[PDB]
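Peer 1: Fold the following for me, if possible:
(4 chains)
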Amino acid sequence: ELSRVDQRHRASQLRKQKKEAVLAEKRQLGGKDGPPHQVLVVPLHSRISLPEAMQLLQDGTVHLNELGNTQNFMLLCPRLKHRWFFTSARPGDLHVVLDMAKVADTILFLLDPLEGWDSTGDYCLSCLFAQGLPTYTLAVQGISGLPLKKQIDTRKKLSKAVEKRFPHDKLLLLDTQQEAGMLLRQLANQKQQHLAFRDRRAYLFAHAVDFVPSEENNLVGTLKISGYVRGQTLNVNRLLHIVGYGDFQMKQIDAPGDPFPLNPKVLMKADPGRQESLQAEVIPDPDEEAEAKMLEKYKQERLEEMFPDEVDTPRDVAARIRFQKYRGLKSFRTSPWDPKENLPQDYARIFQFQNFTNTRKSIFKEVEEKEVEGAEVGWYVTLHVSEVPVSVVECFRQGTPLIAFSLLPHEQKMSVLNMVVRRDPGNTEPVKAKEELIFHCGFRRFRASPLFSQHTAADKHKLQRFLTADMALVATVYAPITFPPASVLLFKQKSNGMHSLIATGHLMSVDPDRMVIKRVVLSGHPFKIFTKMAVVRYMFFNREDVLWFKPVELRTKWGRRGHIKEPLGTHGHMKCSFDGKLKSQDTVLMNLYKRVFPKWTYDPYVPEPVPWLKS
RNA sequence: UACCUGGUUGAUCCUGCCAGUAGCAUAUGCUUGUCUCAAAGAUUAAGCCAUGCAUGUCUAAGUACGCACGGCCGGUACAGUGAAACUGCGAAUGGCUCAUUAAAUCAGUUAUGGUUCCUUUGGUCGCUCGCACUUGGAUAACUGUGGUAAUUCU
RNA sequence: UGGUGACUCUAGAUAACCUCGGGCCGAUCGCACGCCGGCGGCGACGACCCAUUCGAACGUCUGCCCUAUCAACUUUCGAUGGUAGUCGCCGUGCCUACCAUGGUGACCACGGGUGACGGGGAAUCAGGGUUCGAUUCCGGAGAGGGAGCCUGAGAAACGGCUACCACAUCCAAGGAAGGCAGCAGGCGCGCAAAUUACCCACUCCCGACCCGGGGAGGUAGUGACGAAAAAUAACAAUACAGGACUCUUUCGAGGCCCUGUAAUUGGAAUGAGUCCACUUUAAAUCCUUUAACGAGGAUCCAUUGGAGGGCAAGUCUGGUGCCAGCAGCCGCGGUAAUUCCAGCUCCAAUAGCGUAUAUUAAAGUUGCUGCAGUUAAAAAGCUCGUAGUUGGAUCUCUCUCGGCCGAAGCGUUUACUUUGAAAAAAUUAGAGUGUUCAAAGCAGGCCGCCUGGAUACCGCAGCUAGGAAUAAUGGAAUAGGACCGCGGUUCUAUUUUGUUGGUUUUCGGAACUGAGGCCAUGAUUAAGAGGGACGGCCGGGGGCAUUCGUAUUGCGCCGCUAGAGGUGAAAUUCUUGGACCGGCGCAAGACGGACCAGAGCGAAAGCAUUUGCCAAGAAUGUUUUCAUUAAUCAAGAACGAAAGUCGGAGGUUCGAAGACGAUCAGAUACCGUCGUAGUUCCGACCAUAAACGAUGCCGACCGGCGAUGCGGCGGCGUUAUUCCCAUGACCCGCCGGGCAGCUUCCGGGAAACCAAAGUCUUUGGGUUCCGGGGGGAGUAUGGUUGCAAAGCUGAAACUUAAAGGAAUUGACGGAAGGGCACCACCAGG
RNA sequence: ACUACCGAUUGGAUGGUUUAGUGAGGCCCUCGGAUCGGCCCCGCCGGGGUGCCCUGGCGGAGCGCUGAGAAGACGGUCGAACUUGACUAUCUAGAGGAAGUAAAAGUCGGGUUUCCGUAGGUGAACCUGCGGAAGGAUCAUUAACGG
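Peer 2: Residues are numbered from 1 along each chain as shown, chains lettered A, B, ... in the order given. I have put the structure below:
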C-alpha cells in the first residue's frame, strides 16, 4: 500500500467505520429514542435479602409499580440521561426467572461474602447459562459488614469461589448509595451481548394488562397488553405468542402516551382479514412400585451400555412375526433408505419445507432488509387481543410477568424439531427414550415424547434408548416450528412438582426427513466351528426363521463378517459362512433395523414449578 | 559443558532440509499452602472520554480600617491574630506517551575569539558639576444597585 | 595597563551622539535602640552592569537499518559560492538585491521503505557473532490535526490564548464551553495489561516560606510478568518380603547383617490456620516476637504433561475396532491396538507444569574466524575494459636565546603498536560485609570509638608521548641539486649620530640575480613479472581475388529399351512420345571425402582444393630495450554455432509447413512418394545452445613412464644415383611451451574418480562470478534492448517431506546355457 | 445452495502531491479618534503684598491647545483552511458474466536412448526441420618395405 500517509489514512478510515458501527449500536438502548434499560436482580445465596440491596439501589425519580408477590419499579435520571427498569427474581422459582430473564437487558447477581452462592442459586445459574446470558454483572453485599482484616481476605476467597463458574469478572460491591452510583454507571456502559433469539422477532414487555370479557360465562375476552416493544417493528398480521400460554391471534394495536418520558388513545392498526396469518397448527384435510420401576430402569441402562442393543429372541413368539417390520442392512453408513417409504398418519398432519435454508434466508432478509408499517421499537404501545383465557390476568395478579412476542411467518404450524442437546452432569437419573419431558425450546414450554439419536453427519441416525452422560444427542419430536438458533432446555417432574434439569443445547434445523433408525441385535453362541464355517445355536428357534432372514449379513463382536448358508435342525441350528475362523470365546450377532417415529404428545400448558431444592 | 538425535533406500555412504533439544519473551490452559522482591493499556486505536483530583504560595520584615475575632486604654497615627483583595514569585520543573523523525535524533569529541541567561554567589551601588523632615493620580478588598437560561461572565 | 596560540580583546585618549514606545545613579520595609539641635549598628527587598552558577542555543570531526523492480540528483519558487544589506540573541542564503554556474554521486548521491525516537543497555553466546531496546537513567519530540501568538529570563506553552479542520457538551435556540500521549475510571480496540483507595511521614521540588501545597513521590489493593528462599512429614519397635553371611547334602534355622513395604503400634517436634498482646506505620497491612487452641495419614490428601522410536517410564488389564481418534516428525488404528479411551502401575519436572507465536544457541544450513560451485543447488559463451580489490626483490636529530640543561625547528606525510588523560550513574565483571541462608541491599563493627561506600571494562573517532619492523607516499636526471664563501637590483634598519628641523647617521633583515669552489656531485637491478624489438620458422588462424576436383540436377545427341522408382511386405509416382540405363558434351549451384591422427591453430563460436596478395598470431633463440608498465574485474565494449527476422541475388541436393499412399478392436505415431519458407551468398537485427573439460582467471610447491606437435641445442651412424663444402629426410638424447595417454598407498574425496578436483578443523597467495530442501518458476508484474519472435534483470501467494548424488547386491528375466533322474526318455520287457 | 474473480453503476466517500483561485486569525506598519485627563477663558467668590501676582471650589462653551487612548480600516507578513481539473492512493453497496464445489448409480457412450537451442504444426505435451551433446555398453590387426 506504500506511502506511510496512505497506510495511515486507510487505517483511519477503518477506525471511523468501526466507530460508526459501535455508535449506531449503542443508541438503541436507554435514551430519549431508546426504550428503558431492564435490569433483573437475582440474589443467588439464601442469606441475602433482596429488599436491602433493592432499597440501596432505588436511590433519581422513582415510580414504584406493584404486583401480587414481586415488586418491580421504574427509575428515571437526567443526571446520567438513563431510564432503568429494575425487576427482582428469586432463585429456585425457575418459572419467573426463566420467562422474564429472556427479555431482561442486564442481569445483576448478588453474592454473599462468606460463601460463593447457594445450591438453589447454583441450579438457577446453571439453567441461565444453559438458556442464554443477556449480560451478567457480579455484585456482593456483606463486604463492608466486616472489618478490613477479614475484608480483603473475604474478597480473595470470593474471587477463588467465582472463577470455577464465571471465568473472570471483577466483584463490584454494594454497601452505600455512592457504590450504587458506581454500579449504575457500570450498567449504563457495558459491552452489550446481542442475544439474537430476542432480536429476530418482535418481543414486547407488558406493564399493563386489562381484561375485557366479551362473555364472562365463555371465560374469554379482550386483553390489553400495553408495554414496550423491544425487538423489531411489530406487525399486527403476524401472530402473537405468550410465553406460558401459547400462540394465538391479536386483533388491534393502539399507541397511547408514554408513562415515563425522559424529558417531560390513537389506534395504530386493525388486522385486515385477508392479510392476517391464519390459526392453523395442523393440516385441515386429514410408592414402592415406582422404586421397583426405577431399579428396572437402572438395570436396563446398565444392560444397554456394556452391550449396545442386545435383545434376547423370545422362544415363545415366532421370530419373523415379532420383527415383522425390520429389515437388514449390509452397512449402516452406505446402504440407502427411502425417507418416503413408510409413513403414518402423523406425518400427514404436519408441514414440510421444500428448502429450509432458502426459506430461512428469505424470512430473515424480509425482516432485516425490509421495513413494515408497524410500530417501531421503544414505543409504549397497547395490544388488544380478541381471544385469551381469563386466568392469565389472574396470573398477572399472582406475581409472574407477561411477555408477548410477535412471531415470524410459518411459526405456528407443527413440524419435526431436532434439538442438539447434552446431559447436564448435575442430574444422573436414567431417562428412557420415549419418556415425557418438558422442553423449554426458546419462549415455548411443553411436554413432549422425544427420540434420542446420534449427532453425526450421515443420513440415518441410530436411535438411542437412553440418555448418555457425555455423548451429545439429538432429541427429535413433533413440535411447533421455531427458527434456529434457539436455546433448548430439558426438565422432568422429580417429585411434588419440582422441575429438575437434565440436559440442554441448541435447536438444529427443523425437518421431518431426518429419519431415526431403531436397531435390534440378536445374539448367538457358535457351538461348532469349522474353518470359515460355523454351526450356531440359540439365535432362532424355528426352522423357517433362518429362511426368512437369509440375506441379512452377520457380524461378530471380534470383527468377523459372514452370511448364512443353510439351516440344519428343526430347532435354531444354523450354518454360517465366515471370512475367518472364530475364537472359542466368541459370539455372532445379527443387526435388524426399523424406522421409528416419535409419539404425538404435545400440550402447550405447563404446570407451575415449585421452588427448587436439593435432595 | 566449543554436544547432538530421528526421518529419503532392498541395504550403504552422502548432500540436504524437515522434526526433535535448550533458552528467552508475550498470550493462554490447568493447578496453587508459606515467605521476601517485583513488571503491569507499549504492540491493536498518538482512537474517544462521564466524574473527582493532579499548581500553588507569608515572613519581625510590600499593602490590613473585613469587631472577623479574645483584646488593649481610651482623643493614644498604626496594640495582636487575620478571611478577602492588590502586589511579587511559580505555573517553562515534574508526570505522560513514541506518532513523527535515516546524518535527522542521538553518542563520544571539540568550539562560542559567533551568542542569550531568572535565580544563586562575589564585585559595582555619594565616579556624574547639572516638597526631599516625603510628590501625584487612580483601582481592587468593602458598601450599595443590577443584567443574562447559563460560565472562574461581568 | 593586563592577557590568549591567535583580537577588530580588555584598558586608555579625543570628537560627538544618548531614542518621549526613554538606561542606571534606592520617594521601600523590619529589628533592637544609642552617642555629641546632629550623627548611627544588624537585617530584608531592590537595582544599570560585571563575573559566576544552572543552563539554552547554534556550529566541528567521526559513527545509522533495508532497498537499484531508486542512477543521476539540485537549481524558474536558493540550488553551491562572492559583495552589501534586512531580520535575528548571535555566525551563516536565514531572507532580499546584483553577480558567478556552481554543489552531490557506484567510497551507492537522490528517491523510497522502516512492524525506526536514539543511546546507556537486554537475551543468548567457547572465539567470532546473532537478535532486541515502546519501557522507570540521559538526550529528543508531541499534547486530536495544522497554524499564529500573549506574558515572561526562559514557551511558538496547550491542566494559557486566537483561528480553520475533525469530533463533541448545555440550552430558554439569543448564545456558552471544550482537549485524560497526568492519577484513578469508562467505552472502543483487541491474544494482550491493576484501585474512580490512603498520605505528604520518607525522597525531593515550588512559594512571600523552621509553618503552606504536591495523583512528583510514598503506601496499601489487583498481580502464577519474572526472580530468591522454602513446607506437604522425622525417629524407634514390630509384621512380612527380598538380598547377601554363617550353620545345614538340601529343605530349612539364626544374626545385636543389609534393603525395601506396611489406612501396623509407640511416643515426642513442628508449621499452615483461628486468635490475643506488642512491634511496624502518617494511620494501618505485611514480615519479625509472645501467650491460647491447633496433625495420624482411610487427611491440614500436589499438580501438570507423558509411557511405540527421538525420549525416562508397561509388549499389564478392559472398552472402541483404518471408526472414533492419536501423532511436532517417523508413523499407529483394518481384532492379541506396545500409539486411541479408561483403570492399575510407572516416568519427567515439581507449587508449578502444558500449548501457541516471536526471536536466540544448535546452523561450519549465511560461513570474518569458517561453507560450497565435475556428477547432488550452483562457473558468466568468450575476450577486452574503467571505478574497486590486490600487487616482486631492494637502503643500518640539531643551530640560535636564557638557567650540563630549559625554550625553537624537528622528521615527507600517514596507516600500525604502546603509553598517558579524558570519557554520567544504574546495568555488567568484581572487593568487603551471616540480609537467618539466598535474590537483594550498602551497610555496618567494638564498648562514645573503629571503619566501608573500592576496582576492571567503557569499543571506534579525536588529543598525547615513545617505538620504526611491516604497508603506502616523497625528496637531484630539460639540473632554475644541496653546502660554503665572492657580488649586484629593490624594499626595509625601530636604535649609536646629548636636545634637535634635517640631505645623509651607521648596523642588520627580507624578495630577483652573475660567476667560483665544493659533493667519491646526483640514475638500486633487469623478476624462471610484463610490454616492445630483432632471427628463422610454424599452423584446417582470418580476409580478398584466383584455380581445380568430383558428385547431383537440368538440357542437347546416339543406342537398347519395357518397365523404372520404393519397402519387413506393399502401395503413391515417372515412362513406350519413350523412362531407368551406357556414352559424348554443355550449364547450374553445392561441398571440399578418402589423406584426417586422441594431431594442429584460434578468446570461444569454430577452421581441410591450388596459387598470389593482405595484415595478424603463439612458441622458440637472444650477454637487445623500456623498468613495475602487472592479476582479476561493477560500469561499458567487440566476437558469438544452428535456427529465426528485415532488404537484394541465386536456387543443385535436402527439406520445416502442406499434399499422397500403406497399417489396423481403436493409429491419428510408424514407413516410403512430392514439396514451400529455409538450407547458399551480400548488408543489417537477433545474442541463445548439452555454447560441456558438465571443472573461472593469475601464481607457487608436489611422483614416475614413454609417445606426439612446434622451436632450439648436442650428436655414432643411414639416404640426395658414394653428393665436391654446407644442407633437407631417419636414429639416440637434453631444454622450453603445448595437445593428449599409461600407472602410483602424493594426498584428497560420499564415492565414481582426480597429478589436481592435491598442498582443507595442521582450516588465510590475489581476485571475479555464483548456490542455499523440492515445486510454483526462470512464472506474473515492472524496467530495458529488440521490426518481430524473443533476450537481460526477475518475485510472491500457495504447496510437499523429501527431491537428489555416487557406488553394492539381485527378488526377477517374459535372458541364455549346461547338468541330473526307468518315480523321465531311447531300445525294449 | 456455498465460495471467489471480472464487471455494467464517473457507484459514493476520504487523504497526499498538486495547477489555478480564494483566504480565517495573530503580528508589524500607516491611519483613525469613542472617550479620559490636563493647560487655558469666563461667572460667583475668600487671602496675603499694594483694582493688580498667585491660591481653594463649582459650572459653561470656545471642533483654542495638549498627554494617554478603544472600536474600526487600507497595506505588508506568517498562514490554518475552502473551491476547481490532473496524478493518484484507499474505503465501501451492487444488477449481471465466466467458473468451481456437495446433492441426481437420472439420458447417451502399441511405441519410446535422454535431452539443449531455435521455427512450424493448434496454446502447452508430442512430432518434425537445422546445429549440438552423453548425463549412452570397443571385439580383430598394425616389426619387412629391399635387388
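Peer 1: what sits against residue A:201?
Peer 2: For residue A:201, the contacting residues are A:231, A:232, A:405, A:406, A:407, A:408, by Cβ atoms under 8 Å, 6 or more residues apart in numbering. For the C-beta atoms, the positions are set from N, CA and C on the backbone; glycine is no exception.
Peer 1: give me every residue that touches the fourth one.
Peer 2: I take that to be residue A:406. A:201-204, A:231-232, A:234-235, A:238-241, A:250.
Peer 1: Out of the contacts of residue A:201, which sit inside strands?
Peer 2: Judged by DSSP state E, strands contain the following of the contacts of residue A:201: A:405, A:406.
Peer 1: Let's have the contacts of residue A:201 in TSV, adding distance to RNA strand B.
Peer 2: TSV is the format used below for the contacts of residue A:201 (distance: Cβ to the nearest atom of the strand, whole Å):
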residue	distance to RNA strand B
A:231	28
A:232	27
A:405	34
A:406	35
A:407	36
A:408	33
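Peer 1: tell me which of the contacts of residue A:201 is nearest to residue A:496?
Peer 2: When these are compared for distance to residue A:496 (Cβ to Cβ), residue A:405 wins out at 31.4 Å.
Peer 1: residues from the stretch 51-200 of chain A in reach of RNA strand C?
Peer 2: Counting by Cβ under 7 Å from any atom of the strand, the residues of the stretch 51-200 of chain A lying close to RNA strand C are A:81, A:148-150, A:152-153, A:155-156, A:159, A:170, A:181-182, A:185-186, A:189-192.
Peer 1: In PDB, please show the C-alpha coordinates belonging to stretch A:578-595.
Peer 2: In PDB, the C-alpha atoms belonging to stretch A:578-595 read as follows (Å, rounded to 0.1, in the frame of the first residue of the first chain):
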ATOM      1  CA  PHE A 578     -17.300 -66.600   7.500                       C
ATOM      2  CA  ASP A 579     -14.200 -64.700   6.400                       C
ATOM      3  CA  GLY A 580     -12.000 -66.300   9.000                       C
ATOM      4  CA  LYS A 581     -12.100 -68.700  12.000                       C
ATOM      5  CA  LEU A 582     -13.900 -67.700  15.100                       C
ATOM      6  CA  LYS A 583     -12.400 -68.000  18.500                       C
ATOM      7  CA  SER A 584     -13.900 -70.400  21.100                       C
ATOM      8  CA  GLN A 585     -15.000 -67.500  23.400                       C
ATOM      9  CA  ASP A 586     -16.800 -65.700  20.500                       C
ATOM     10  CA  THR A 587     -20.400 -64.700  19.800                       C
ATOM     11  CA  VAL A 588     -22.000 -63.900  16.500                       C
ATOM     12  CA  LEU A 589     -24.800 -61.300  16.200                       C
ATOM     13  CA  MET A 590     -27.100 -60.000  13.500                       C
ATOM     14  CA  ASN A 591     -28.400 -56.500  13.100                       C
ATOM     15  CA  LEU A 592     -32.000 -55.700  12.400                       C
ATOM     16  CA  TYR A 593     -33.100 -52.100  11.600                       C
ATOM     17  CA  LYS A 594     -36.500 -50.500  11.500                       C
ATOM     18  CA  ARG A 595     -37.700 -46.900  11.200                       C
END
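Peer 1: So for that stretch, what gets flagged as buried?
Peer 2: A:578, A:582, A:586, A:588, A:589, A:590, A:591, A:592, A:593, A:595 (16 or more other Cβ atoms under 10 Å).
Peer 1: farthest-separated two in those?
Peer 2: A:582 and A:595 (32.0 Å).
Peer 1: Kindly check the end-to-end length of stretch A:306-323 for me.
Peer 2: Start and end residues of stretch A:306-323 are separated by 23 Å (Cα to Cα, to the nearest Å).
Peer 1: What parts of the stretch 1-150 of chain A come near RNA strand B?
Peer 2: A:4, A:8, A:11, A:12, A:15, A:18, A:19.
Peer 1: show me the contacts for the residue of the stretch 201-350 of chain A found nearest RNA strand B.
Peer 2: As assessed by Cβ to the nearest atom of the strand, RNA strand B sits closest to residue A:263 within the stretch 201-350 of chain A, at 15.3 Å. By Cβ under 8 Å, 6+ apart, the residues touching residue A:263 are A:32, A:78.
Peer 1: Recalculate using a threshold of 10 Å.
Peer 2: Residue A:263 sits next to A:32, A:76, A:78, A:81 when contact means Cβ atoms under 10 Å, 6 or more residues apart in numbering.
Peer 1: The residues you listed in strands, which ones?
Peer 2: Residues of these located in strands (DSSP E): residue A:76.
Peer 1: okay, the contacts of residue A:263 in TSV with neighbour count next?
Peer 2: Shown next, in TSV, are the contacts of residue A:263 (neighbours: other Cβ atoms under 10 Å):
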residue	neighbour count
A:32	11
A:76	20
A:78	12
A:81	13
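Peer 1: quick check, nearest of the contacts of residue A:263 to RNA strand B?
Peer 2: Using Cβ to the nearest atom of the strand, residue A:81 comes nearest to RNA strand B of those, at 9.1 Å.
Peer 1: Now that that closest one has come up, it's in contact with residue A:262, right?
Peer 2: Yes: when contacts are counted by Cβ atoms under 10 Å, residue A:81 is listed as touching residue A:262 (7.0 Å).
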